[PDB]
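What follows is a single chain, given as structure tokens, in the form deposited in one PDB entry.
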């Protein structure tokens, strides 16, 4: 079916493509962050939050994709296709994964309205010209 993984939260793919693809941190970095900050609540037997649920399912899915790609590469004999699997994964699905993880982690941490206003402001900013925008890229802080 046609589902938007964010509209149950108050966002949309059209709104997260409003940021450059070179903005979203790497998958490994986001997973490390997620461990460090919410391992005890993702591994928890509680409906702690919809973000927790969705993040769990996403992590399991990335793990299964990784498993599959490693298996294909290990079985295949020639590199041309022993690589193309993991390569295409990190190309097309890595972006979706890290957009979604960024969303969920950032929300759980800072706030949903904050993350949304940040998306909007950062798009407006990265689209405005430098002479007439503030010079420092926007960023999220708990400090």
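Positions refer to the first chain, counted from 1. Only residues modelled in both forms are compared. Rigid core here is just the name for the largest C-alpha set that superposes within 1.5 Å across the two forms.
Omitted here: the form deposited in another entry. The next part is about that form.
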Among 64, 83, 113, 32, which is the residue that shifts its C-alpha 2 Å or more between the shown form and the other one, core superposed? 83
With both forms fitted on the core, give yes or no for whether the Cα of residue 10 moves by 2 angstroms or more between the shown form and the other one. no
Displacement runs between the shown form and the other one, C-alpha, 2 Å or more, three or more consecutive residues, core aligned: 80 to 87, 129 to 135
